[PDB]
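A.B. asks: Let me begin by handing over the structure; questions about it come next.
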Amino acid sequence: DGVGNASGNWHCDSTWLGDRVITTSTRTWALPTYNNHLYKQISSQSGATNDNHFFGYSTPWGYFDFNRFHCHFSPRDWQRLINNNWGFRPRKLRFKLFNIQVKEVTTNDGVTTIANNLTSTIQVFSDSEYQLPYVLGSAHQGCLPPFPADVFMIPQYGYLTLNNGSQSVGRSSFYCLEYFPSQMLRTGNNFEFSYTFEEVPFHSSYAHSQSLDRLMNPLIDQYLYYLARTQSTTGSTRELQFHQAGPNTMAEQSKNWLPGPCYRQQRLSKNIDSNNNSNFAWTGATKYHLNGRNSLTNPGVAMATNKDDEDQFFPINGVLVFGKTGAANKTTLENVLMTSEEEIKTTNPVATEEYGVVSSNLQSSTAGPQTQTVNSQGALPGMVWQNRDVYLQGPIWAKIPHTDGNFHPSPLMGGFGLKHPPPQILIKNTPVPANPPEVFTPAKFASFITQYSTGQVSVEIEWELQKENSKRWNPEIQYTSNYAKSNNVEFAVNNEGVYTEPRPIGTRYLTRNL
């Protein structure tokens, strides 16, 4: 198109069409110049702890990130979804950039003047072949604002490569994004992209109405026998007694399935008075060892946050913790929203409890039986489990690493695991040299006109809906807003125009038989 012709329209809504829902989100974005158009090698400081060493590159490119459910679902749409479906999955994606405006900024005597540069371009391209490092599945900031009215800054792209301490190795890879084909857009140009999600399992948008330890009929006995006593009742000399387990001995009944794998985490009380007086946030945390580096298992394997009547206890680093609006990068428990995974109490072990006890020796007339606690149990035949719940403010998808093998490639932070996820969309402002010297100089250029860009970005996602088909008689639990009077409406703006999300909403409100 031309300067005076709009390259697109604001499409922001949600349409429900039975088994599928299409959400269109339109946002206004601003992209500055990053790194002064330079690729910069970045690494950890000298004083950094060995666990925090890194080596990589920060690039002059920006990237678009919409890997959060609140980018696409409004609170009302999220409530409509979670309250009426047993699951959902992303199906199709359309991406649009339009109404691009490149603006030149000139500073004179501390006065900033912004003018239109009608001939400047922006470079945009999608890494459709996944040849670049993927950073969209790391719960980084810089997403599309939940509120359509808010204007967001496009985050700076960067990546990490193999590092030995603060140094690089011969296998370290440097990527120049200018080596890729790129679409160049002036003010009248727009960019379009389409993507199809791979077949993935539906997210479990339900809780279990039964526990894996209570799948039997509570009226009949079992025809199998279990050893109920190794010693005689009255005269406790010796014997082997076998009983048929029944309703009164539900714990001793034979069963076909086992709770899911465990990786034990330290328990912490929301009431600080009940916590030990020491700094064990790191020394007492649950970690994995990789190439001599300790890394938190945050949030780690999907486990129940707490057991019945223990909502005030949470795993030390096994829960997704969001921040309230206006919360600083560092704050206390009062300014953060802690998710709860208690719905998976039915199948998953509690994050802060043991998996069980196993025999550790052989008993005899002289050696008594001995058991040891299992604080980390891997996959066993007959195991069943649920994944972490997804949240309106949580991530949608994570890229499955390209490895020889994997076990249940479901992201631990939650969401959909994709071998070929939505490709990264990288955007940059084309460097605009300032007036060059009148005599040729081979020196690398370092004088550019300060420029930034603004535009509209549209993301349309089609999700397939799994409709609940329960025969349950009594009313189900639903997500609802509080009818009590309040100073501010929930999920709205305040007197200052700040949009707040007061609590994290999961998806598991409806129930399903185990």
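Letters A, B, ... mark the chains of the structure tokens in the order given; residue numbers begin at 1 per chain; ligand numbers begin at 1, in order shown.
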Need to verify the contact set: residue 296 of chain A, 8 Å, only C-alpha atoms, exclusion of same-chain residues closer than 2 positions in sequence. Can you return it as a VMD selection string?
C.D. replies: chain A and resid 285 to 288 294 298 317
A.B. asks: For the selection just defined, write its residues with N, CA and C atoms to a file, as a PDB file, in the first residue's frame.
C.D. replies:
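Result file is out-v3.pdb:
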```
ATOM      1  N   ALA A 285      17.102 -26.461  48.681  1.00  0.00           N
ATOM      2  CA  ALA A 285      16.265 -26.608  47.502  1.00  0.00           C
ATOM      3  C   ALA A 285      16.549 -27.928  46.793  1.00  0.00           C
ATOM      4  N   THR A 286      15.619 -28.313  45.925  1.00  0.00           N
ATOM      5  CA  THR A 286      15.746 -29.524  45.127  1.00  0.00           C
ATOM      6  C   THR A 286      16.351 -29.155  43.779  1.00  0.00           C
ATOM      7  N   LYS A 287      17.471 -29.785  43.440  1.00  0.00           N
ATOM      8  CA  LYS A 287      18.269 -29.388  42.293  1.00  0.00           C
ATOM      9  C   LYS A 287      18.699 -30.612  41.500  1.00  0.00           C
ATOM     10  N   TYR A 288      19.104 -30.362  40.259  1.00  0.00           N
ATOM     11  CA  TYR A 288      19.725 -31.368  39.415  1.00  0.00           C
ATOM     12  C   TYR A 288      21.115 -30.896  39.013  1.00  0.00           C
ATOM     13  N   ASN A 294      24.707 -26.855  39.453  1.00  0.00           N
ATOM     14  CA  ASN A 294      23.467 -27.143  40.157  1.00  0.00           C
ATOM     15  C   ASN A 294      22.374 -26.219  39.640  1.00  0.00           C
ATOM     16  N   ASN A 298      12.729 -26.086  39.145  1.00  0.00           N
ATOM     17  CA  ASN A 298      11.619 -25.159  39.322  1.00  0.00           C
ATOM     18  C   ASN A 298      10.789 -25.101  38.047  1.00  0.00           C
ATOM     19  N   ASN A 317      10.451 -25.043  45.836  1.00  0.00           N
ATOM     20  CA  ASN A 317      10.628 -24.547  44.477  1.00  0.00           C
ATOM     21  C   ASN A 317       9.833 -25.377  43.476  1.00  0.00           C
TER      22      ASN A 317
END
```
A.B. asks: Within 9 Å of residue 374 of chain A, counting only C-alpha atoms, which residues qualify if same-chain residues fewer than 3 places away don't, as a PyMOL selection string?
C.D. replies: chain A and resi 262+264+354-358+377
A.B. asks: Write the residues of the preceding selection, restricted to N, CA and C atoms, as a compact mmCIF listing (two decimals), in the first residue's frame.
C.D. replies:
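New file selection_9.txt:
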```txt
# COMPACT_ATOMS: atom_id res chain seq x y z
N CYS A 262 8.04 -39.24 41.51
CA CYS A 262 8.27 -38.26 42.56
C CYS A 262 9.71 -37.78 42.54
N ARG A 264 11.39 -35.41 45.49
CA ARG A 264 10.92 -34.75 46.71
C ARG A 264 11.42 -33.32 46.82
N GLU A 354 7.12 -38.17 50.77
CA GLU A 354 7.81 -39.29 50.14
C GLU A 354 6.87 -40.04 49.20
N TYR A 355 7.47 -40.77 48.27
CA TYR A 355 6.68 -41.64 47.40
C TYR A 355 6.20 -42.88 48.14
N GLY A 356 7.03 -43.42 49.03
CA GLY A 356 6.65 -44.62 49.76
C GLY A 356 7.83 -45.16 50.55
N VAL A 357 7.74 -46.44 50.88
CA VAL A 357 8.79 -47.14 51.62
C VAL A 357 9.07 -48.46 50.92
N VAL A 358 10.34 -48.83 50.84
CA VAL A 358 10.75 -50.09 50.24
C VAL A 358 11.59 -50.87 51.24
N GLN A 377 11.37 -41.22 42.98
CA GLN A 377 10.99 -42.44 42.28
C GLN A 377 10.81 -42.12 40.80
```
A.B. asks: Give me the residues within 12 Å of segment 492-497 of chain A as a list in words, counting only C-alpha atoms and dropping any in the same chain fewer than 5 places off.
C.D. replies: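 The residues satisfying every condition are residues 74, 75, 76, 146, 147, 148, 149, 150, 325, 486, 487 and 502 of chain A.
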A.B. asks: Using only C-alpha atoms, which residues sit within 6 Å of segment 109-124 of chain A once same-chain residues fewer than 6 positions away are excluded, as an NGL selection string?
C.D. replies: :A and (102-103 or 182-186 or 426-430)
A.B. asks: Given only C-alpha atoms as the basis, pick out the residue of A:30, A:42, A:6, A:439 nearest to residue 161 of chain A.
C.D. replies: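 Checking each of A:30, A:42, A:6, A:439 against residue 161 of chain A, counting only C-alpha atoms, the winner is A:42.
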A.B. asks: Excluding residue 36 of chain A and residues on its chain fewer than 5 positions from it, collect all residues at most 10 Å away from it, counting only C-alpha atoms, and give them as number ranges by chain.
C.D. replies: A: 59-60, 431, 446-448, 450
